[PDB]
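One file, query_4.txt, carrying compact mmCIF, C-alpha atoms and all ligand atoms:
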# COMPACT_ATOMS: atom_id res chain seq x y z
CA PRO E 1 23.90 221.94 163.61
CA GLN E 2 26.26 220.47 161.03
CA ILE E 3 29.63 219.68 162.66
CA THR E 4 32.75 219.04 160.56
CA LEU E 5 35.62 216.91 161.83
CA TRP E 6 38.84 218.87 161.29
CA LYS E 7 38.64 219.50 165.09
CA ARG E 8 37.33 217.28 167.89
CA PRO E 9 33.50 217.50 168.00
CA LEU E 10 33.36 218.88 171.52
CA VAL E 11 30.10 220.38 172.74
CA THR E 12 28.74 221.79 175.96
CA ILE E 13 26.32 219.58 177.85
CA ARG E 14 24.12 220.30 180.86
CA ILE E 15 23.78 217.49 183.42
CA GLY E 16 22.50 218.57 186.86
CA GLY E 17 22.88 222.32 186.44
CA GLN E 18 26.48 221.63 185.64
CA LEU E 19 27.97 222.53 182.30
CA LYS E 20 30.59 220.17 180.97
CA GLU E 21 32.45 219.74 177.68
CA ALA E 22 31.97 216.33 176.02
CA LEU E 23 33.01 214.63 172.83
CA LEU E 24 30.42 213.43 170.31
CA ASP E 25 31.69 209.88 169.83
CA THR E 26 30.00 207.70 167.21
CA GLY E 27 32.45 204.88 168.00
CA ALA E 28 31.10 204.59 171.57
CA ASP E 29 27.91 202.63 172.26
CA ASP E 30 27.56 204.33 175.65
CA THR E 31 27.91 207.73 177.23
CA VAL E 32 30.81 207.82 179.71
CA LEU E 33 31.62 210.84 181.88
CA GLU E 34 34.59 211.51 184.14
CA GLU E 35 34.13 211.11 187.88
CA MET E 36 31.32 213.30 189.20
CA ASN E 37 28.41 213.06 191.60
CA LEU E 38 24.93 212.27 190.25
CA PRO E 39 21.82 211.75 192.36
CA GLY E 40 19.96 208.46 192.77
CA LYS E 41 20.85 204.80 192.65
CA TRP E 42 23.62 203.47 190.46
CA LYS E 43 24.72 199.98 189.50
CA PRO E 44 28.36 198.81 189.27
CA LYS E 45 29.25 197.94 185.65
CA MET E 46 32.36 197.24 183.59
CA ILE E 47 33.11 198.49 180.08
CA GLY E 48 35.99 197.85 177.69
CA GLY E 49 37.75 200.33 175.45
CA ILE E 50 40.84 200.31 173.31
CA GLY E 51 43.15 199.90 176.34
CA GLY E 52 41.15 197.33 178.33
CA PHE E 53 38.37 197.36 180.92
CA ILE E 54 37.32 199.84 183.59
CA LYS E 55 34.78 199.93 186.37
CA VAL E 56 32.00 202.45 186.05
CA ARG E 57 28.85 203.50 187.88
CA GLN E 58 25.73 203.14 185.74
CA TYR E 59 23.02 205.76 186.27
CA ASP E 60 19.78 205.19 184.37
CA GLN E 61 17.21 207.59 182.98
CA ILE E 62 19.32 210.73 183.49
CA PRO E 63 18.46 214.00 181.67
CA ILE E 64 21.32 215.47 179.56
CA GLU E 65 21.00 218.53 177.37
CA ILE E 66 23.50 218.26 174.53
CA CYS E 67 24.23 221.40 172.56
CA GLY E 68 20.61 222.51 173.24
CA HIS E 69 18.98 219.12 172.51
CA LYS E 70 17.34 217.04 175.21
CA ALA E 71 18.08 213.42 175.99
CA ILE E 72 17.17 211.22 178.94
CA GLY E 73 19.13 208.02 179.26
CA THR E 74 21.95 206.00 180.69
CA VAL E 75 25.13 207.71 181.82
CA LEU E 76 28.21 205.77 182.92
CA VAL E 77 30.59 207.53 185.29
CA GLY E 78 34.21 206.43 185.69
CA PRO E 79 37.84 206.86 184.64
CA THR E 80 37.30 207.64 180.97
CA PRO E 81 40.07 209.79 179.42
CA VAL E 82 37.47 212.35 178.29
CA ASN E 83 33.70 212.90 178.63
CA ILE E 84 32.09 211.05 175.70
CA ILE E 85 28.55 211.18 174.34
CA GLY E 86 27.85 207.77 172.83
CA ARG E 87 25.21 206.43 170.50
CA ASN E 88 22.67 205.84 173.27
CA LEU E 89 22.24 209.63 173.55
CA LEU E 90 23.30 210.65 170.03
CA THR E 91 20.28 208.77 168.67
CA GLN E 92 17.99 210.63 171.07
CA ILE E 93 19.10 214.01 169.73
CA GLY E 94 18.70 212.86 166.12
CA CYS E 95 22.40 212.81 165.31
CA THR E 96 23.50 211.15 162.06
CA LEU E 97 26.72 210.82 160.07
CA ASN E 98 26.61 212.29 156.57
CA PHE E 99 29.01 212.26 153.62
CA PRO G 1 24.80 208.87 152.39
CA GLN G 2 23.25 209.28 155.81
CA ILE G 3 24.10 206.79 158.56
CA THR G 4 21.89 206.69 161.68
CA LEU G 5 23.36 205.58 164.96
CA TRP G 6 20.85 202.96 166.12
CA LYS G 7 23.60 200.44 165.43
CA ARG G 8 27.39 200.71 165.26
CA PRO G 9 28.39 202.71 162.15
CA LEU G 10 30.36 199.92 160.50
CA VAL G 11 31.30 200.31 156.86
CA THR G 12 33.52 198.55 154.37
CA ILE G 13 36.98 199.98 153.83
CA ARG G 14 39.77 198.77 151.63
CA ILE G 15 43.42 198.88 152.39
CA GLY G 16 45.24 196.58 149.92
CA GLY G 17 44.00 193.06 149.33
CA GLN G 18 41.93 193.58 152.39
CA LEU G 19 38.45 194.85 152.45
CA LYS G 20 37.63 195.25 156.16
CA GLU G 21 34.74 196.40 158.36
CA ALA G 22 35.50 199.55 160.35
CA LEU G 23 33.73 202.07 162.60
CA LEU G 24 33.18 205.60 161.37
CA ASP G 25 34.40 207.09 164.63
CA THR G 26 34.10 210.79 165.36
CA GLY G 27 35.68 210.21 168.79
CA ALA G 28 38.92 208.93 167.23
CA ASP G 29 41.57 211.48 166.25
CA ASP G 30 43.44 208.87 164.26
CA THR G 31 42.61 205.75 162.27
CA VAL G 32 43.45 202.49 164.09
CA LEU G 33 43.41 199.16 162.34
CA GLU G 34 43.61 195.66 163.65
CA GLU G 35 46.98 193.96 163.34
CA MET G 36 47.99 193.57 159.68
CA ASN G 37 51.42 193.22 158.08
CA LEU G 38 51.56 196.38 155.97
CA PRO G 39 54.63 197.12 153.88
CA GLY G 40 56.83 200.19 154.37
CA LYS G 41 58.41 202.28 157.09
CA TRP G 42 56.60 202.97 160.34
CA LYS G 43 57.12 204.75 163.66
CA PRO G 44 56.19 203.45 167.14
CA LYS G 45 53.38 205.26 168.94
CA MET G 46 51.21 204.87 172.04
CA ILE G 47 47.53 205.82 171.96
CA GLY G 48 45.15 206.03 174.87
CA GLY G 49 41.48 205.34 175.43
CA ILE G 50 39.20 203.70 177.94
CA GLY G 51 41.31 201.18 179.86
CA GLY G 52 44.67 202.77 179.07
CA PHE G 53 47.20 202.78 176.27
CA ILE G 54 48.14 200.41 173.50
CA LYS G 55 51.26 200.30 171.37
CA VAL G 56 50.73 200.80 167.62
CA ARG G 57 52.77 201.19 164.43
CA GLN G 58 52.26 204.46 162.56
CA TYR G 59 52.24 204.14 158.76
CA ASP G 60 51.95 207.32 156.70
CA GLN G 61 50.38 208.07 153.30
CA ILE G 62 48.45 204.80 153.10
CA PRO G 63 45.58 204.76 150.56
CA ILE G 64 42.27 203.75 152.20
CA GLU G 65 38.94 203.54 150.37
CA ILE G 66 35.94 204.07 152.64
CA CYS G 67 32.49 203.23 151.18
CA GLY G 68 33.76 204.00 147.67
CA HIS G 69 35.37 207.29 148.77
CA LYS G 70 39.14 207.49 148.34
CA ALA G 71 41.36 208.65 151.17
CA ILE G 72 45.07 208.64 151.89
CA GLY G 73 46.72 209.20 155.22
CA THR G 74 48.14 207.92 158.43
CA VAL G 75 47.02 204.52 159.69
CA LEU G 76 47.92 203.12 163.11
CA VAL G 77 48.20 199.33 163.30
CA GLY G 78 48.05 197.42 166.55
CA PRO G 79 46.02 195.25 168.93
CA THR G 80 42.76 197.16 168.77
CA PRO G 81 39.58 195.04 169.06
CA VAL G 82 37.88 196.99 166.23
CA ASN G 83 38.99 198.78 163.08
CA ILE G 84 38.46 202.49 163.66
CA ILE G 85 38.22 205.17 160.96
CA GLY G 86 39.20 208.39 162.71
CA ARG G 87 38.86 212.05 161.90
CA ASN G 88 42.04 212.18 159.83
CA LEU G 89 40.24 210.16 157.12
CA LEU G 90 36.61 211.09 157.93
CA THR G 91 37.34 214.68 156.85
CA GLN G 92 38.81 213.46 153.55
CA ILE G 93 35.58 211.64 152.65
CA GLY G 94 33.44 214.68 153.60
CA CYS G 95 31.89 213.23 156.75
CA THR G 96 29.93 215.45 159.14
CA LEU G 97 27.76 215.03 162.22
CA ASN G 98 24.28 216.48 161.85
CA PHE G 99 21.40 217.06 164.26
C1 LIG Y 101 39.44 209.47 174.03
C2 LIG Y 101 38.11 209.32 173.35
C3 LIG Y 101 37.79 207.87 172.94
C4 LIG Y 101 37.61 206.96 174.15
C5 LIG Y 101 38.84 207.36 171.96
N1 LIG Y 101 38.50 206.03 171.39
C6 LIG Y 101 37.53 206.09 170.27
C7 LIG Y 101 36.18 205.57 170.80
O1 LIG Y 101 35.16 205.83 169.82
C8 LIG Y 101 36.18 204.07 171.13
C9 LIG Y 101 36.27 203.14 169.91
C10 LIG Y 101 36.32 201.70 170.38
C11 LIG Y 101 37.50 201.16 170.87
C12 LIG Y 101 37.55 199.84 171.30
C13 LIG Y 101 36.41 199.04 171.25
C14 LIG Y 101 35.22 199.58 170.76
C15 LIG Y 101 35.18 200.90 170.32
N2 LIG Y 101 34.95 203.75 171.85
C16 LIG Y 101 34.87 203.46 173.14
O2 LIG Y 101 35.76 203.48 173.96
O3 LIG Y 101 33.55 203.05 173.55
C17 LIG Y 101 33.27 202.62 174.89
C18 LIG Y 101 32.02 201.74 174.85
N3 LIG Y 101 32.36 200.50 174.12
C19 LIG Y 101 32.24 199.25 174.90
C20 LIG Y 101 32.33 198.18 173.81
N4 LIG Y 101 31.85 198.88 172.64
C21 LIG Y 101 31.77 200.19 172.86
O4 LIG Y 101 31.27 200.98 172.08
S1 LIG Y 101 39.81 205.11 171.11
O5 LIG Y 101 39.40 203.96 170.37
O6 LIG Y 101 40.33 204.80 172.43
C22 LIG Y 101 40.95 205.94 170.26
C23 LIG Y 101 41.96 206.67 170.91
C24 LIG Y 101 42.89 207.42 170.20
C25 LIG Y 101 42.83 207.46 168.80
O7 LIG Y 101 43.72 208.21 168.06
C26 LIG Y 101 44.62 209.09 168.76
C27 LIG Y 101 41.84 206.75 168.15
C28 LIG Y 101 40.90 206.00 168.87
Encoding of this model in structure tokens:
Amino acid sequence: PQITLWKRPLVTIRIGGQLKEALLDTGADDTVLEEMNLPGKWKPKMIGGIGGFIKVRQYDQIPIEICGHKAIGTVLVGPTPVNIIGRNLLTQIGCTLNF
Amino acid sequence: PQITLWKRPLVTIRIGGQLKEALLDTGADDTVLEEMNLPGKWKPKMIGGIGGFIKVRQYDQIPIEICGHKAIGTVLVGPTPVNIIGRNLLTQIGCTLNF
């Protein structure tokens, strides 16, 4: 699709049979989801945003279907204000900015 | 133009005698610039992201040129680590997400 920006670019994602709403976020390198359970091993990581640093759990090679498009990649889980889809997965679905 | 997301979507903006590098950020409602001593009235504001909130100064009707596209709107100035072009100006320069 083509998505304009007068509203937040929120889309439905599928991650483990679970549907969630997430924000397409070109200013985020990484995909960060609110606290949830995901299967498999994770690694403790820290990431920094506009307000400072948080602890997250890094899950690698996780399938995420984003508005009907498939990605498989890294998902960070932790106290983000909102679910965000970052560039690591936006690139996989062929997302670009255009003006 | 089309901007892929393999790297951070940094572009040149101008606000005064300052050309600056800034992220084209679809996850940002508002435009947030690194500390700069802009003239005119402003209002205090708090904005929140990963890590928590920061205090910023809200300046209205500030002309901002983004990649040779003119815009004019609200700019928030404060201790952000990166200049962020948010949706309030991205819409004015005709920016969309596409996949
Ligand atoms: C609530 C959703 C987002 C987390 C909001 N952020 C925009 C993000 O794109 C943010 C931009 C940013 C901020 C600081 C440093 C770098 C980039 N990206 C973000 O938090 O990315 C996390 C991954 N980080 C780690 C370092 N580089 C990254 O890309 S935000 O910068 O916090 C923000 C919040 C409010 C606002 O106006 C009201 C404008 C911007």
Compute the set of protein, DNA and RNA residues whose minimum atom distance to ligand LIG 101 (chain Y) is at most 9 Å, using all atoms listed in the file, and state it as JSON, numbers by chain. {"E": [23, 24, 25, 26, 27, 28, 29, 30, 31, 32, 46, 47, 48, 49, 50, 51, 52, 53, 80, 81, 82, 83, 84, 86, 87], "G": [8, 23, 24, 25, 26, 27, 28, 29, 30, 31, 32, 46, 47, 48, 49, 50, 51, 52, 53, 76, 80, 81, 82, 83, 84, 85, 86, 87]}
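Using only C-alpha atoms, the shortest contact distance between chain E and any of G:11, G:95, G:64, G:75 is found at G:95.
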Near residue E:45, counting only C-alpha atoms, which residues have an atom at most 7 Å away, once you skip same-chain residues fewer than 4 positions from it, shown as a tab-separated table (two decimals) with C-alpha atoms, in the coordinates of the input?
chain	number	residue	atom	x	y	z
E	55	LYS	CA	34.78	199.93	186.37
E	56	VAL	CA	32.00	202.45	186.05
E	57	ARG	CA	28.85	203.50	187.88
E	58	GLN	CA	25.73	203.14	185.74
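Between atom CA of residue G:36 and atom CA of residue G:78 the separation is 7.9 Å.
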Atom CA of residue G:5 and atom CA of residue E:43 are how many Å apart? 25.2 Å
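Atom CA of residue G:74 lies 16.8 Å from atom CA of residue G:54.
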Quick one: residues within 8 Å of residue E:99, all atoms listed in the file counted, chain neighbours fewer than 3 positions away excluded, as number ranges by chain? G: 1-2, 93-96
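Across G:72, G:62, G:3, G:15, the tightest approach to residue E:91 is made by G:3 when counting all atoms listed in the file.
Shortest atom-to-atom contact with residue G:63 among G:97, G:89, G:77, G:33: G:89, counting only C-alpha atoms.
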Of G:59, G:10, G:70, G:44, the one sitting nearest chain E when using only C-alpha atoms is G:10
Residues near residue G:14, anyone? I mean within 8 Å using all atoms listed in the file, not counting same-chain ones fewer than 3 positions away, as a ChimeraX atom specification. /G:17-20,64-66
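Using all atoms listed in the file, the smallest distance between any of G:67, G:60, G:4, G:41 and chain E comes from G:4.
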Box dimensions and centre (Å, one decimal) enclosing stretch 9-22 of chain E, axis-aligned, 3 Å extra per side, as lines of an AutoDock Vina configuration file:
center_x = 28.0
center_y = 219.4
center_z = 177.4
size_x = 17.0
size_y = 12.2
size_z = 24.9
Since the input is missing atoms, can you rebuild N, CA and C atoms for stretch 51-86 of chain G and write them as a PDB file, in the frame of the given file?
ATOM      1  N   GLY G  51      40.500 202.320 179.458  1.00  0.00           N
ATOM      2  CA  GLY G  51      41.310 201.180 179.860  1.00  0.00           C
ATOM      3  C   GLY G  51      42.789 201.440 179.865  1.00  0.00           C
ATOM      4  N   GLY G  52      43.249 202.456 179.134  1.00  0.00           N
ATOM      5  CA  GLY G  52      44.670 202.770 179.070  1.00  0.00           C
ATOM      6  C   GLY G  52      45.208 202.837 177.664  1.00  0.00           C
ATOM      7  N   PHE G  53      46.503 202.599 177.529  1.00  0.00           N
ATOM      8  CA  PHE G  53      47.200 202.780 176.270  1.00  0.00           C
ATOM      9  C   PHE G  53      47.513 201.465 175.595  1.00  0.00           C
ATOM     10  N   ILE G  54      47.577 201.507 174.268  1.00  0.00           N
ATOM     11  CA  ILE G  54      48.140 200.410 173.500  1.00  0.00           C
ATOM     12  C   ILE G  54      49.260 200.913 172.602  1.00  0.00           C
ATOM     13  N   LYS G  55      50.169 200.009 172.270  1.00  0.00           N
ATOM     14  CA  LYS G  55      51.260 200.300 171.370  1.00  0.00           C
ATOM     15  C   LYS G  55      50.835 199.985 169.934  1.00  0.00           C
ATOM     16  N   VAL G  56      51.100 200.926 169.035  1.00  0.00           N
ATOM     17  CA  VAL G  56      50.730 200.800 167.620  1.00  0.00           C
ATOM     18  C   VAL G  56      51.908 201.205 166.730  1.00  0.00           C
ATOM     19  N   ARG G  57      51.818 200.806 165.467  1.00  0.00           N
ATOM     20  CA  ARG G  57      52.770 201.190 164.430  1.00  0.00           C
ATOM     21  C   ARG G  57      52.127 202.226 163.530  1.00  0.00           C
ATOM     22  N   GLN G  58      52.772 203.381 163.392  1.00  0.00           N
ATOM     23  CA  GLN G  58      52.260 204.460 162.560  1.00  0.00           C
ATOM     24  C   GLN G  58      52.821 204.380 161.142  1.00  0.00           C
ATOM     25  N   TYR G  59      51.926 204.148 160.190  1.00  0.00           N
ATOM     26  CA  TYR G  59      52.240 204.140 158.760  1.00  0.00           C
ATOM     27  C   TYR G  59      51.637 205.377 158.131  1.00  0.00           C
ATOM     28  N   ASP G  60      52.412 206.081 157.310  1.00  0.00           N
ATOM     29  CA  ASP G  60      51.950 207.320 156.700  1.00  0.00           C
ATOM     30  C   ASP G  60      51.622 207.143 155.218  1.00  0.00           C
ATOM     31  N   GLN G  61      50.746 208.016 154.723  1.00  0.00           N
ATOM     32  CA  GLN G  61      50.380 208.070 153.300  1.00  0.00           C
ATOM     33  C   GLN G  61      49.917 206.715 152.741  1.00  0.00           C
ATOM     34  N   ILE G  62      49.035 206.070 153.496  1.00  0.00           N
ATOM     35  CA  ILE G  62      48.450 204.800 153.100  1.00  0.00           C
ATOM     36  C   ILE G  62      47.083 205.070 152.444  1.00  0.00           C
ATOM     37  N   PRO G  63      46.889 204.608 151.196  1.00  0.00           N
ATOM     38  CA  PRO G  63      45.580 204.760 150.560  1.00  0.00           C
ATOM     39  C   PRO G  63      44.543 203.858 151.213  1.00  0.00           C
ATOM     40  N   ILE G  64      43.396 204.447 151.554  1.00  0.00           N
ATOM     41  CA  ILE G  64      42.270 203.750 152.200  1.00  0.00           C
ATOM     42  C   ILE G  64      40.989 204.173 151.502  1.00  0.00           C
ATOM     43  N   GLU G  65      40.236 203.213 150.970  1.00  0.00           N
ATOM     44  CA  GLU G  65      38.940 203.540 150.370  1.00  0.00           C
ATOM     45  C   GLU G  65      37.841 203.207 151.366  1.00  0.00           C
ATOM     46  N   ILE G  66      36.975 204.184 151.618  1.00  0.00           N
ATOM     47  CA  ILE G  66      35.940 204.070 152.640  1.00  0.00           C
ATOM     48  C   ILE G  66      34.582 204.255 151.954  1.00  0.00           C
ATOM     49  N   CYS G  67      33.801 203.183 151.864  1.00  0.00           N
ATOM     50  CA  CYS G  67      32.490 203.230 151.180  1.00  0.00           C
ATOM     51  C   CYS G  67      32.558 203.815 149.778  1.00  0.00           C
ATOM     52  N   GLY G  68      33.601 203.479 149.025  1.00  0.00           N
ATOM     53  CA  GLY G  68      33.760 204.000 147.670  1.00  0.00           C
ATOM     54  C   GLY G  68      34.273 205.435 147.595  1.00  0.00           C
ATOM     55  N   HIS G  69      34.771 205.956 148.716  1.00  0.00           N
ATOM     56  CA  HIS G  69      35.370 207.290 148.770  1.00  0.00           C
ATOM     57  C   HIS G  69      36.860 207.088 149.044  1.00  0.00           C
ATOM     58  N   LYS G  70      37.704 207.650 148.191  1.00  0.00           N
ATOM     59  CA  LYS G  70      39.140 207.490 148.340  1.00  0.00           C
ATOM     60  C   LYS G  70      39.683 208.401 149.417  1.00  0.00           C
ATOM     61  N   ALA G  71      40.631 207.876 150.181  1.00  0.00           N
ATOM     62  CA  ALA G  71      41.360 208.650 151.170  1.00  0.00           C
ATOM     63  C   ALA G  71      42.805 208.188 151.163  1.00  0.00           C
ATOM     64  N   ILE G  72      43.668 209.000 151.751  1.00  0.00           N
ATOM     65  CA  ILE G  72      45.070 208.640 151.890  1.00  0.00           C
ATOM     66  C   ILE G  72      45.627 209.364 153.101  1.00  0.00           C
ATOM     67  N   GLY G  73      46.213 208.600 154.005  1.00  0.00           N
ATOM     68  CA  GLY G  73      46.720 209.200 155.220  1.00  0.00           C
ATOM     69  C   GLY G  73      47.370 208.239 156.167  1.00  0.00           C
ATOM     70  N   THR G  74      47.472 208.684 157.404  1.00  0.00           N
ATOM     71  CA  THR G  74      48.140 207.920 158.430  1.00  0.00           C
ATOM     72  C   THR G  74      47.206 206.858 158.954  1.00  0.00           C
ATOM     73  N   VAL G  75      47.744 205.652 159.118  1.00  0.00           N
ATOM     74  CA  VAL G  75      47.020 204.520 159.690  1.00  0.00           C
ATOM     75  C   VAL G  75      47.872 203.967 160.825  1.00  0.00           C
ATOM     76  N   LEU G  76      47.253 203.719 161.977  1.00  0.00           N
ATOM     77  CA  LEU G  76      47.920 203.120 163.110  1.00  0.00           C
ATOM     78  C   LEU G  76      47.517 201.663 163.196  1.00  0.00           C
ATOM     79  N   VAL G  77      48.482 200.765 163.292  1.00  0.00           N
ATOM     80  CA  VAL G  77      48.200 199.330 163.300  1.00  0.00           C
ATOM     81  C   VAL G  77      48.634 198.769 164.637  1.00  0.00           C
ATOM     82  N   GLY G  78      47.737 198.035 165.279  1.00  0.00           N
ATOM     83  CA  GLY G  78      48.050 197.420 166.550  1.00  0.00           C
ATOM     84  C   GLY G  78      46.882 196.638 167.092  1.00  0.00           C
ATOM     85  N   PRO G  79      46.986 196.182 168.348  1.00  0.00           N
ATOM     86  CA  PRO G  79      46.020 195.250 168.930  1.00  0.00           C
ATOM     87  C   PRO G  79      44.730 195.925 169.418  1.00  0.00           C
ATOM     88  N   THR G  80      44.085 196.637 168.512  1.00  0.00           N
ATOM     89  CA  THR G  80      42.760 197.160 168.770  1.00  0.00           C
ATOM     90  C   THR G  80      41.727 196.060 168.508  1.00  0.00           C
ATOM     91  N   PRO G  81      40.646 196.031 169.300  1.00  0.00           N
ATOM     92  CA  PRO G  81      39.580 195.040 169.060  1.00  0.00           C
ATOM     93  C   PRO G  81      38.676 195.326 167.851  1.00  0.00           C
ATOM     94  N   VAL G  82      38.732 196.551 167.332  1.00  0.00           N
ATOM     95  CA  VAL G  82      37.880 196.990 166.230  1.00  0.00           C
ATOM     96  C   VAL G  82      38.685 197.906 165.324  1.00  0.00           C
ATOM     97  N   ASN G  83      38.417 197.840 164.024  1.00  0.00           N
ATOM     98  CA  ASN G  83      38.990 198.780 163.080  1.00  0.00           C
ATOM     99  C   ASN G  83      38.233 200.086 163.253  1.00  0.00           C
ATOM    100  N   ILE G  84      38.985 201.167 163.340  1.00  0.00           N
ATOM    101  CA  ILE G  84      38.460 202.490 163.660  1.00  0.00           C
ATOM    102  C   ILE G  84      38.896 203.470 162.577  1.00  0.00           C
ATOM    103  N   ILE G  85      37.936 204.070 161.880  1.00  0.00           N
ATOM    104  CA  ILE G  85      38.220 205.170 160.960  1.00  0.00           C
ATOM    105  C   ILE G  85      38.071 206.466 161.740  1.00  0.00           C
ATOM    106  N   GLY G  86      39.186 207.161 161.924  1.00  0.00           N
ATOM    107  CA  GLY G  86      39.200 208.390 162.710  1.00  0.00           C
ATOM    108  C   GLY G  86      39.084 209.628 161.852  1.00  0.00           C
TER     109      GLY G  86
END
